[PDB]
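*Asks:* Below is a structure I'd like to ask you about.
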Amino acid sequence: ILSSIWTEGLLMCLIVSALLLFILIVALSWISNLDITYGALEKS
Amino acid sequence: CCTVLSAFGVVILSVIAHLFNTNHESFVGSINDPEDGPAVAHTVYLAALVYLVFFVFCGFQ
Amino acid sequence: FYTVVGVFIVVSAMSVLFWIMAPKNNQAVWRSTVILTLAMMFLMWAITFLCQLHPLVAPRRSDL
Amino acid sequence: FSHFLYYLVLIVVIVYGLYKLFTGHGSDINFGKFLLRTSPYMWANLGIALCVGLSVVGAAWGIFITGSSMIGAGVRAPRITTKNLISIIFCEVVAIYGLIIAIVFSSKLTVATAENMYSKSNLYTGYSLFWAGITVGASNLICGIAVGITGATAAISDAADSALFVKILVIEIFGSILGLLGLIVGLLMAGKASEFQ
Amino acid sequence: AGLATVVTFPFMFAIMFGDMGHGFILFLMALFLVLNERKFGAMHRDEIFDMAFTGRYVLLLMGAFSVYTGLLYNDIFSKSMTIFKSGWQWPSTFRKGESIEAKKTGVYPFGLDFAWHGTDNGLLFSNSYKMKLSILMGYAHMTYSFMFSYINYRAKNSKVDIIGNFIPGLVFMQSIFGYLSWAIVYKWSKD
Amino acid sequence: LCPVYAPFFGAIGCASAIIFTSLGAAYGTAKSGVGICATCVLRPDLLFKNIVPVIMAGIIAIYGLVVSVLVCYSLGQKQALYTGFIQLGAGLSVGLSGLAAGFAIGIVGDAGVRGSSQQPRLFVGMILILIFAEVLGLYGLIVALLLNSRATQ
Amino acid sequence: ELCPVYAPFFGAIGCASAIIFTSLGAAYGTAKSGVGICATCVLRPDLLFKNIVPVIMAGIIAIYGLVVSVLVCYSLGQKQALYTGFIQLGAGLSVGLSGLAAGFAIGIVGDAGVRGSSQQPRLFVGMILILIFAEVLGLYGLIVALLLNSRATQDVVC
Amino acid sequence: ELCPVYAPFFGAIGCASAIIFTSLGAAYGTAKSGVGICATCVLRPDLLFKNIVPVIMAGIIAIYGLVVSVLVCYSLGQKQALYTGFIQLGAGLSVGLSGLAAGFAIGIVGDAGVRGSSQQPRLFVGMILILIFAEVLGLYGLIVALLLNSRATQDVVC
Amino acid sequence: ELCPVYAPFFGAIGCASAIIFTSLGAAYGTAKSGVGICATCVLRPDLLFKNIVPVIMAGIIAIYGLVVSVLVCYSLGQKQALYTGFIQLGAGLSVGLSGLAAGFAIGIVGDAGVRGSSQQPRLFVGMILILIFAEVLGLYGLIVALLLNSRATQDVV
Amino acid sequence: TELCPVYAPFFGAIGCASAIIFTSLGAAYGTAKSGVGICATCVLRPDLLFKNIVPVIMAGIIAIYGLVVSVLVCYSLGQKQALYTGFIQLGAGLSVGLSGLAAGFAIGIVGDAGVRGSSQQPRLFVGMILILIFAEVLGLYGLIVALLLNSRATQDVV
Amino acid sequence: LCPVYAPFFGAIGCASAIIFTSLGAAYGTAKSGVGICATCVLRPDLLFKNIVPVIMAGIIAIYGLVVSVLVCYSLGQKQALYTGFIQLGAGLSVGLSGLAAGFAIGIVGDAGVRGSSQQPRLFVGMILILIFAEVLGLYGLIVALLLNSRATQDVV
Amino acid sequence: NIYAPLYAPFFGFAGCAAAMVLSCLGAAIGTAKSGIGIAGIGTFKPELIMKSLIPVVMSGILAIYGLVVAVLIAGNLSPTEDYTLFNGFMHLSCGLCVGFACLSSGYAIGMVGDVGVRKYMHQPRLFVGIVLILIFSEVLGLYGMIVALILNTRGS
């Protein structure tokens with residue numbers, strides 16, 4: 001057996017849910033860096 | 001500069017072909033070395049002649 | 001080891017014989033080049049001879 | 001804060017490895033048994049999905065790099081906006097590379113019998129599809145980004161002078177060698193891999 | 001300091017550059033400039049070739065010592081020279097592919113021995129030899145150039161500088177690293 | 001052969017197939033809607049022809065919705081790891097592809113609707129660029145709908 | 001028990017590291033100094049071949065890594081001791097992460113040296129001397145790894 | 001148990017660290033002070049062989065690392081105590097991560113000293129004075145590592 | 001069980017860490033004070049040997065590590081208790097990460113005081129008076145580790 | 001045993017170390033940041049120099065708070081001590097350390113801002129002392145918490 | 001049910017009750033002290049009127065001190081794991097809420113004493129906002145007291 | 001067979017992927033960063049562009065360096081033949097020592113051959129030195145490919 005706590009199925013759920021959470025953190029850091037061009041909305 | 005490389009190709013490959021012909025143990029003496037001495041000497045001596053052709057042709061330049 | 005001392009004798013006697021028979025034109029570079037080069041040639045010969053006089057490691061190979 | 005987590009995970013890995021090693025149980029951190037006992041369908045499906053995902057995230061990357069500068073450079077010189085679309089096309093072909101490799105890989109994806117499930121061949125064709133999906137998706141990612149950069153420079157040098165686009169299209173050709181080489185290597189890697197049996 | 005340099009700089013070069021093949025190439029391309037020094041003297045030299053032709057006699061010595069030291073090593077384009085009689089004999093009857101040792105017959109006359117070439121532990125022996133070689137030649141170079149300080153303070157007629165710098169320097173250097181260089185030779189002397 | 005943790009990968013694939021696709025569609029709607037709002041304060045008659053990038057970003061999210069619905073009709077309590085990881089692959093494919101295609105449509109769309117108000121010949125240019133970025137979601141949808149057909153066989 | 005099956009992993013990554021980090025340092029030393037060469041030989045074209053000595057000086061670092069990695073490669077075995085893998089890992093790190101240091105030093109010294117040597121002709125000898133003091137770090141790493149690699153397979157057993 | 005199989009790992013990464021972390025501090029002391037020599041001797045090139053003392057004192061700590069790496073290297077064996085591996089790791093870290101500090105200090109002090117010794121020539125004797133304190137930090141680590149390495153194989157058993 | 005095989009690990013890490021972090025603190029305290037000196041006496045070089053006090057007080061807190069990394073080194077055995085290794089690790093950290101703080105404080109106060117003491121001549125007494133409070137930090141860490149190391153082998157079995 | 005294992009003095013040694021480490025970090029910040037303000041506001045007003053050293057004395061009291069608890073945890077360590085003893089010695093060490101660290105941050109920031117503006121207005125000297133008292137009772141509270149945890153370290157232990 | 005590693009959570013709950021409230025009080029004292037020492041250079045008469053954000057910061061550390069003393073006097077060697085978990089929760093409840101209350105008191109106090117010298121009527125608004133910022137730590141005090149009242153209630 | 005376990009092709013296909021991905025990453029950095037410098041001088045003296053395509057070609061050779069070793073690792077991988085873990089570790093190392101070799105060589109070619117091409121529009125005598133520094137920075141990947149080929153022939 002691989003382990004009793006860190007079994008064959010838990011340890012490859014925590015790789016899938018680490019890849020997906022990595023893609024999520026990257027995509028949320030893309031959307032967090034999204035700013036509005038305010039000079040093209042004002043009168044000045 | 002091809003005549004210098006060709007003169008060294010005469011000298012070095014002629015000495016290597018002679019050391020393969022006489023079964024010198026720095027070239028044949030190991031298991032990973034080639035088994036037949038003069039079989040390698042026959043194809044190194046022809047390369048020595050090829051570099052001698054290059055040395056004679058580039059010696060008239 | 002006495003075949004290192006026996007070579008030191010014939011190198012040192014040669015260097016002393018060249019110290020007194022150096023040419024007078026360029027003395028401080030005749031008896032400085034030739035006497036120092038004999039010293040360094042003897043030093044590398046003595047070092048490469050004494051490392052093999054009584055060796056601790058034997059040569060070991062598989063492919064022969 | 002991310003450097004704090006990078007240091008914390010490193011400290012926890014070192015403390016766990018040295019605790020497991022000092023107590024005579026250091027072979028319990030067993031990466032080989034982890035590779036032997038995880039399912040080959042994980043590696044196969046993950047390789048297929050990351051192939052077609054990372055080809056597209058490089059294709060779409062290059063598309064905006066040489067699209068936004070094409071539209072910016074086309075304001076004064078609008079005679080580039082159709083000729084220079086081959087720079088979109090060269091960074092778009094790296095997605096069809098990953099697509100036609102992902103379908104060829106998914107053809108090797110059948111139901112293996114449970115009695116021979118963690119066999120030699122079934123585990124081989126999980127490993128091969130995983131790394132041959134990675135080496136195609138990452139190569140098409142990097143190729144799409146490189147072709148997008150060398151197309152964004154071409155879209156502005158085209159609007160500068162018309163005779164420069166022909167000279168800088170060659171750099172896009174040498175940049176688009178890379179996705180085709182990844183296309184070749186990912187087919188050679190899963191060339192001897194059989195189906196799941 | 002450029003009168004002891006005239007031998008020691010090509011020789012300390014040759015200890016690092018030890019090969020009869022590369023050394024003969026460097027000696028040959030130096031002797032090409034030495035024999036043609038009249039046609040090259042009345043010539044405009046650019047900076048790299050002015051550097052190479054200003055030192056056409058540093059390179060002749062750097063080749064001539066490199067041939068000597070690469071004849072001390074067995075290193076002719078990284079090959080051995082079976083010139084002398086070996087101090088090691090190999091066993092005559094042995095199985096193919098097994099690891100064998102050599103029995104010491106004598107000592108090799110001039111230079112390093114050629115039975116260390118295709119050898120598994122030959123590089124350990126070359127490490128020991130070249131490390132102790134570097135230690136002894138650095139000791140010799142330092143204790144030779146340290147006597148010139150005494151000759152300087154004697155020509156200046158300053159016994160205060162002698163007793164303050166040369167003697168406490170001499171019996172500090174020789175009592176530690178002179179003892180190390182003696183101990184290397186004495187370990188080589190014993191069996 | 002069909003473990004107890006096997007519908008984790010299918011449920012998280014059904015999750016990610018709409019999560020990553022909606023993140024990409026939200027970037028493509030927001031960043032290209034900033035360009036619409038910035039463009040149409042000085043030339044407001046281009047408002048309903050500049051609306052194409054947010055429509056294409058919506059088509060991306062529809063492509064992700066299709067895969068999420070088609071994965072959640074094949075989930076069961078006692079499915080194999082084969083079905084679970086093939087639903088995971090069908091989720092990851094359309095997730096990364098819709099995310100990439102939405103990022104590309106967002107970054108191309110605001111630049112396109114800004115160049116279209118200065119040069120009128122750039123409308124066909126931005127449409128022809130955005131069509132290449134639209135079908136990348138199709139390129140992940142193909143792998144998702146092919147891995148869906150191999151779910152229970 | 002003493003020569004395990006996972007034992008050539010450490011020797012393999014030691015053979016890898018002596019190319020990886022050494023070529024990374026040599027690449028830094030060639031790139032950052034070549035920026036200075038190409039930036040100063042705009043108005044000083046005759047100093048174009050005197051300024052290559054930082055780039056050659058950084059290439060000798062990669063030659064140092066090449067030699068030690070080949071000499072480790074010709075001692076990797078299937079039935080290899082774990083001591084031998086540990087020694088080869090140490091000898092790979094000792095060349096790699098010291099040649100990276102020497103490459104950083106040559107890359108930061110050499111561009112400033114070719115920027116100042118175009119303005120002052122007597123600064124060239126000082127640049128060469130500082131580059132010798134910077135290259136001797138990678139030389140020290142090679143000395144440590146050649147003294148270390150010679151001890152792998154001396155008294156190994158089982 | 002008392003001399004396990006993984007015991008030469010700590011000795012190998014203590015032989016490696018004593019030149020890695022030493023040479024990447026010596027490289028900082030060479031580079032950061034060499035960009036201060038090459039930027040100063042464009043106007044005062046007569047001070048070129050006098051301002052190079054920070055580079056020499058940064059090269060001395062790499063020799064301090066080399067000595068300890070050789071002495072840890074020649075005490076490695078296949079069957080050595082785990083105490084010996086712990087002591088050699090401690091000696092390697094004590095040289096490396098303190099010669100790194102000494103190199104940082106020599107690098108930061110040396111360019112500040114050579115850029116200031118050309119405006120005021122009476123600051124050179126102050127630069128040497130600060131730089132001896134910056135350079136003895138690696139000598140302290142060498143003393144600690146030699147006192148460790150003398151304790152490595154003294155009363156070891158099994 | 002009380003004296004395991006992995007017990008000298010913590011003692012060796014403590015013996016290293018006693019001098020490693022004090023060398024880092026002393027390096028910071030020497031580096032910033034040396035920049036302050038070399039930037040403050042290109043105009044008034046008469047204050048060269050006067051302003052050397054921050055460099056000396058930063059060099060003392062490395063001798064503070066050199067003391068305890070010898071007193072821990074001469075109590076390292078193969079068969080030593082795990083309690084001894086724990087105390088030697090605590091002593092090495094107690095000198096190291098306190099002399100690192102003392103070196104940070106000496107390095108900031110040193111250049112802030114030698115760049116200002118070229119203007120006001122009687123800021124030198126205040127600089128010494130603040131650097132004493134910055135150097136008793138390393139002295140306190142030395143006291144803590146010398147009280148630990150006098151207990152690492154007191155009643156061990 | 002079970003209530004008193006072998007790894008139990010680890011937490012006690014970490015609690016003896018941290019109580020002086022983090023208070024030395026806090027006291028060092030409170031000395032350095034508030035000594036910049038002393039050395040900056042003395043070049044124009046040197047007569048208030050022995051009264052502007054209040055924020056370095058009040059910061060050095062934090063180090064004495066760490067020293068007292070480090071001495072008291074040091075004189076309670078034993079080889080066969082309880083795991084509860086090591087746990088609440090770690091608790092006492094963290095309670096002094098990570099609160100004296102915060103007290104040192106507050107003393108440094110407040111003392112810098114107070115001796116920067118006390119040279120301008122002489123009536124702010126009675127104000128910055130009253131704020132530094134509230135900044136120093138933060139470490140006095142951690143001293144009280146650790147002296148109450150240390151009175152229970154070996155009280156009803158078995 | 002009452003294991004050996006059970007007072008670890010109680011010791012961390014006794015530490016974290018005073019550690020994070022002292023961090024919050026230290027942020028509040030630092031921000032408010034920078035505010036006071038920059039607004040009372042020109043207006044020294046209202047120096048002792050502006051020390052109220054620093055007092056509101058110190059009451060947060062008093063809140064942490066009370067919970068840490070009450071958790072300290074309920075520790076034991078042979079206590080339950082439930083008691084250790086409740087003491088950890090009661091330490092974190094007062095600590096990481098007094099940290100937030102200290103952040104709010106520091107920001108509001110700095111912004112209020114920098115503008116209360118210009119407008120004298122802003123003082124009764126600053127006091128009113130700091131009451132809402134100090135009730136944020138009073139809530140964590142109430143949660144910590146109600147947890148610690150049940151740490152040893154029905155415990156075997 | 002205890003020397004040829006069934007997880008050994010993981011490290012061989014990892015060698016394939018590390019030989020291809022990092023070498024085409026280095027080739028892409030080397031062609032993109034240098035194409036930036038080639039297109040930057042597109043207006044100022046356009047006649048020096050077709051002569052300056054050498055750091056693009058020498059960058060593209062770095063992908064051939066990874067292609068050769070990726071083909072030679074993938075040719076030694078079959079599900080029917082025995083495949084030792086020694087062979088897998090060796091293929092991992094020979095892909096890993098060519099991938100970062102070509103990555104560093106591509107970074108060096110990209111940083112050299114855009115600054116050189118970008119300064120070459122001022123001085124037309126730079127070109128020999130530019131080609132020379134590109135050769136010195138392109139043999140960096142040839143060293144790694146030599147190590148990878150020797151290591152492949154050793155490990156099989």
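All residue names refer to the structure tokens as shown: chains lettered A, B, ... in order, residues numbered from 1 in each chain, ligands numbered from 1 in order.
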Using only C-alpha atoms, which protein or nucleic acid residues come within 9 Å of residue 95 (chain F)? Drop anything in the same chain fewer than 5 positions from it, and give the result as a ChimeraX atom specification.

*Replies:* /D:53 /F:13,16-22,24,64,90,100,137,140

*Asks:* For residue 34 (chain F), find every residue with an atom within 12 Å (counting only C-alpha atoms), except residues of its own chain fewer than 2 positions away, and show them as a PyMOL selection string.

*Replies:* (chain A and resi 34-41) or (chain F and resi 27-32+36-41+50-51+53-54+106-107+109-114)

*Asks:* Export, as a PDB file, in the first residue's frame, the selected residues with C-alpha atoms.

*Replies:*
```
ATOM      1  CA  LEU A  34      -8.089  44.719 -15.188  1.00  0.00           C
ATOM      2  CA  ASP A  35      -8.287  48.517 -15.029  1.00  0.00           C
ATOM      3  CA  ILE A  36     -10.561  51.060 -16.717  1.00  0.00           C
ATOM      4  CA  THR A  37      -9.334  53.867 -18.985  1.00  0.00           C
ATOM      5  CA  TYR A  38     -10.914  56.735 -17.056  1.00  0.00           C
ATOM      6  CA  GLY A  39      -9.584  59.515 -19.283  1.00  0.00           C
ATOM      7  CA  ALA A  40     -11.813  58.422 -22.160  1.00  0.00           C
ATOM      8  CA  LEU A  41     -14.884  58.690 -19.907  1.00  0.00           C
TER       9      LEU A  41
ATOM     10  CA  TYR F  27     -12.747  38.962 -18.918  1.00  0.00           C
ATOM     11  CA  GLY F  28     -13.876  39.110 -22.555  1.00  0.00           C
ATOM     12  CA  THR F  29     -17.049  40.944 -21.600  1.00  0.00           C
ATOM     13  CA  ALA F  30     -15.532  43.401 -19.101  1.00  0.00           C
ATOM     14  CA  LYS F  31     -12.327  44.383 -20.919  1.00  0.00           C
ATOM     15  CA  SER F  32     -14.069  44.744 -24.281  1.00  0.00           C
ATOM     16  CA  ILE F  36     -17.255  50.114 -25.914  1.00  0.00           C
ATOM     17  CA  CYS F  37     -18.011  52.588 -23.119  1.00  0.00           C
ATOM     18  CA  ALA F  38     -14.823  54.561 -23.796  1.00  0.00           C
ATOM     19  CA  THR F  39     -15.390  54.658 -27.561  1.00  0.00           C
ATOM     20  CA  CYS F  40     -19.090  55.580 -27.546  1.00  0.00           C
ATOM     21  CA  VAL F  41     -18.826  58.865 -25.630  1.00  0.00           C
ATOM     22  CA  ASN F  50     -19.108  47.289 -31.452  1.00  0.00           C
ATOM     23  CA  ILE F  51     -21.256  44.832 -29.438  1.00  0.00           C
ATOM     24  CA  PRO F  53     -16.868  41.009 -28.704  1.00  0.00           C
ATOM     25  CA  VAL F  54     -19.247  40.587 -25.744  1.00  0.00           C
ATOM     26  CA  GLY F 106     -11.171  40.678 -24.364  1.00  0.00           C
ATOM     27  CA  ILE F 107      -7.724  41.983 -25.260  1.00  0.00           C
ATOM     28  CA  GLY F 109     -11.971  43.564 -28.628  1.00  0.00           C
ATOM     29  CA  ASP F 110     -11.282  46.841 -26.838  1.00  0.00           C
ATOM     30  CA  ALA F 111      -8.317  47.601 -29.111  1.00  0.00           C
ATOM     31  CA  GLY F 112     -10.541  46.791 -32.087  1.00  0.00           C
ATOM     32  CA  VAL F 113     -13.448  48.993 -31.024  1.00  0.00           C
ATOM     33  CA  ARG F 114     -10.967  51.785 -30.307  1.00  0.00           C
TER      34      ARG F 114
END
```

*Asks:* With only C-alpha atoms as the atoms that count, which of E:36, E:157, E:89, E:149 lies nearest to residue 56 (chain E)?

*Replies:*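 Residue with the minimum atom-to-atom distance to residue 56 (chain E): E:36.
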
*Asks:* Near residue 23 (chain E), counting only C-alpha atoms, which residues have an atom at most 7 Å away, once you skip same-chain residues fewer than 3 positions from it, shown as a list in words?

*Replies:*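 Near neighbours after the sequence-gap exclusion: residues 19, 20, 26, 27, 63, 66 and 67 of chain E.
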
*Asks:* Kindly determine which residues of chain D lie within 12 Å of chain H, considering only C-alpha atoms, and give the answer as a PyMOL selection string.

*Replies:* chain D and resi 18+21-27

*Asks:* Those same residues - N, CA and C atoms - I'd like them written as an mmCIF file, in the first residue's frame.

*Replies:*
```cif
data_model
loop_
_atom_site.group_PDB
_atom_site.id
_atom_site.type_symbol
_atom_site.label_atom_id
_atom_site.label_comp_id
_atom_site.auth_asym_id
_atom_site.auth_seq_id
_atom_site.Cartn_x
_atom_site.Cartn_y
_atom_site.Cartn_z
ATOM 1 N N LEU D 18 13.248 15.167 6.589
ATOM 2 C CA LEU D 18 14.262 14.841 7.583
ATOM 3 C C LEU D 18 13.681 14.079 8.770
ATOM 4 N N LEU D 21 13.291 10.601 7.386
ATOM 5 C CA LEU D 21 14.581 9.979 7.116
ATOM 6 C C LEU D 21 15.322 9.614 8.397
ATOM 7 N N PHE D 22 15.258 10.476 9.419
ATOM 8 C CA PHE D 22 15.953 10.219 10.679
ATOM 9 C C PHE D 22 15.371 9.033 11.434
ATOM 10 N N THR D 23 14.062 8.819 11.349
ATOM 11 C CA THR D 23 13.420 7.742 12.090
ATOM 12 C C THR D 23 13.467 6.402 11.364
ATOM 13 N N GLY D 24 14.337 6.248 10.367
ATOM 14 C CA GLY D 24 14.503 4.983 9.682
ATOM 15 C C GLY D 24 13.376 4.598 8.757
ATOM 16 N N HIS D 25 12.481 5.526 8.440
ATOM 17 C CA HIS D 25 11.313 5.258 7.614
ATOM 18 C C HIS D 25 11.353 6.058 6.321
ATOM 19 N N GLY D 26 12.553 6.429 5.866
ATOM 20 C CA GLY D 26 12.699 7.350 4.750
ATOM 21 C C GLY D 26 12.250 6.805 3.413
ATOM 22 N N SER D 27 12.090 5.490 3.299
ATOM 23 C CA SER D 27 11.554 4.874 2.096
ATOM 24 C C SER D 27 10.033 4.919 2.037
#
```

*Asks:* So that I can see what lies close to region 37-46 of chain B, please list as a PyMOL selection string the residues with an atom at most 10 Å from it, counting only C-alpha atoms and leaving out residues fewer than 6 positions away in the same chain.

*Replies:* chain B and resi 10+13-24+27-28+52

*Asks:* Would you export the selected residues with N, CA and C atoms as a PDB file, in the first residue's frame, please?

*Replies:*
```
ATOM      1  N   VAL B  10      48.257  14.793 -42.569  1.00  0.00           N
ATOM      2  CA  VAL B  10      49.246  13.812 -42.999  1.00  0.00           C
ATOM      3  C   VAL B  10      49.944  13.206 -41.793  1.00  0.00           C
ATOM      4  N   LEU B  13      47.590  11.457 -38.699  1.00  0.00           N
ATOM      5  CA  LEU B  13      46.909  10.244 -39.146  1.00  0.00           C
ATOM      6  C   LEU B  13      47.885   9.183 -39.637  1.00  0.00           C
ATOM      7  N   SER B  14      49.056   9.570 -40.155  1.00  0.00           N
ATOM      8  CA  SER B  14      50.068   8.570 -40.465  1.00  0.00           C
ATOM      9  C   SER B  14      50.630   7.905 -39.216  1.00  0.00           C
ATOM     10  N   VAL B  15      50.859   8.675 -38.147  1.00  0.00           N
ATOM     11  CA  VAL B  15      51.318   8.084 -36.892  1.00  0.00           C
ATOM     12  C   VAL B  15      50.233   7.199 -36.274  1.00  0.00           C
ATOM     13  N   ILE B  16      48.963   7.613 -36.369  1.00  0.00           N
ATOM     14  CA  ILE B  16      47.860   6.808 -35.839  1.00  0.00           C
ATOM     15  C   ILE B  16      47.701   5.509 -36.631  1.00  0.00           C
ATOM     16  N   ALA B  17      47.851   5.573 -37.958  1.00  0.00           N
ATOM     17  CA  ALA B  17      47.773   4.365 -38.771  1.00  0.00           C
ATOM     18  C   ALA B  17      48.940   3.424 -38.499  1.00  0.00           C
ATOM     19  N   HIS B  18      50.132   3.969 -38.236  1.00  0.00           N
ATOM     20  CA  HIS B  18      51.255   3.112 -37.868  1.00  0.00           C
ATOM     21  C   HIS B  18      51.067   2.488 -36.491  1.00  0.00           C
ATOM     22  N   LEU B  19      50.455   3.211 -35.553  1.00  0.00           N
ATOM     23  CA  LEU B  19      50.197   2.646 -34.235  1.00  0.00           C
ATOM     24  C   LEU B  19      49.042   1.653 -34.229  1.00  0.00           C
ATOM     25  N   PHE B  20      48.114   1.749 -35.180  1.00  0.00           N
ATOM     26  CA  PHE B  20      47.155   0.665 -35.365  1.00  0.00           C
ATOM     27  C   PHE B  20      47.771  -0.532 -36.076  1.00  0.00           C
ATOM     28  N   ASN B  21      48.737  -0.304 -36.968  1.00  0.00           N
ATOM     29  CA  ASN B  21      49.325  -1.410 -37.716  1.00  0.00           C
ATOM     30  C   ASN B  21      50.199  -2.285 -36.819  1.00  0.00           C
ATOM     31  N   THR B  22      50.932  -1.679 -35.890  1.00  0.00           N
ATOM     32  CA  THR B  22      51.839  -2.421 -35.025  1.00  0.00           C
ATOM     33  C   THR B  22      51.182  -2.914 -33.742  1.00  0.00           C
ATOM     34  N   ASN B  23      49.853  -2.777 -33.623  1.00  0.00           N
ATOM     35  CA  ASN B  23      49.056  -3.231 -32.473  1.00  0.00           C
ATOM     36  C   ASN B  23      49.528  -2.596 -31.165  1.00  0.00           C
ATOM     37  N   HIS B  24      49.632  -1.270 -31.174  1.00  0.00           N
ATOM     38  CA  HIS B  24      50.045  -0.537 -29.987  1.00  0.00           C
ATOM     39  C   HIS B  24      48.914  -0.524 -28.966  1.00  0.00           C
ATOM     40  N   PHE B  27      45.905   2.005 -28.382  1.00  0.00           N
ATOM     41  CA  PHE B  27      44.864   2.100 -29.396  1.00  0.00           C
ATOM     42  C   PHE B  27      44.071   0.822 -29.600  1.00  0.00           C
ATOM     43  N   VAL B  28      44.625  -0.348 -29.279  1.00  0.00           N
ATOM     44  CA  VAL B  28      43.978  -1.627 -29.556  1.00  0.00           C
ATOM     45  C   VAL B  28      43.773  -2.353 -28.229  1.00  0.00           C
ATOM     46  N   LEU B  52      46.888  14.258 -47.786  1.00  0.00           N
ATOM     47  CA  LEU B  52      48.067  14.583 -48.584  1.00  0.00           C
ATOM     48  C   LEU B  52      47.681  15.164 -49.938  1.00  0.00           C
TER      49      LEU B  52
END
```

*Asks:* List the neighbours of residue 4 (chain F) out to 10 Å using only C-alpha atoms; skip same-chain residues closer than 3 positions along the sequence, and give me the result as a list in words.

*Replies:* residues 9 of chain A; 1, 7, 8, 77, 78, 79, 80 and 81 of chain F

*Asks:* Go ahead and write the residues just picked, N, CA, C and O atoms, as a short mmCIF file (atom, residue, chain, number, x, y, z; two decimals), in the first residue's frame.

*Replies:*
```cif
data_model
loop_
_atom_site.label_atom_id
_atom_site.label_comp_id
_atom_site.auth_asym_id
_atom_site.auth_seq_id
_atom_site.Cartn_x
_atom_site.Cartn_y
_atom_site.Cartn_z
N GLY A 9 -5.82 7.52 -3.68
CA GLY A 9 -6.91 8.29 -4.22
C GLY A 9 -7.00 9.70 -3.69
O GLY A 9 -7.37 10.61 -4.43
N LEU F 1 -12.37 -1.12 -9.03
CA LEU F 1 -12.44 -0.63 -10.40
C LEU F 1 -13.26 0.65 -10.48
O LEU F 1 -12.92 1.58 -11.20
N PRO F 7 -16.51 9.77 -8.51
CA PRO F 7 -17.24 10.97 -8.97
C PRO F 7 -16.75 12.30 -8.41
O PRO F 7 -17.47 13.29 -8.54
N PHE F 8 -15.57 12.36 -7.79
CA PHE F 8 -14.99 13.66 -7.48
C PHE F 8 -14.49 14.34 -8.75
O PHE F 8 -14.68 15.54 -8.94
N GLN F 77 -23.12 7.40 -8.77
CA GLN F 77 -22.44 7.09 -7.52
C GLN F 77 -21.35 6.05 -7.73
O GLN F 77 -20.30 6.10 -7.08
N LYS F 78 -21.57 5.13 -8.66
CA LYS F 78 -20.72 3.97 -8.84
C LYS F 78 -20.11 3.93 -10.23
O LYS F 78 -20.10 2.90 -10.90
N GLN F 79 -19.59 5.07 -10.69
CA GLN F 79 -18.89 5.12 -11.96
C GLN F 79 -17.41 4.79 -11.75
O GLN F 79 -16.88 4.90 -10.64
N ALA F 80 -16.75 4.38 -12.82
CA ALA F 80 -15.37 3.97 -12.74
C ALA F 80 -14.44 5.18 -12.70
O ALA F 80 -14.87 6.33 -12.85
N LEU F 81 -13.15 4.92 -12.49
CA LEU F 81 -12.16 5.98 -12.65
C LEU F 81 -11.97 6.37 -14.11
O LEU F 81 -11.52 7.48 -14.38
#
```
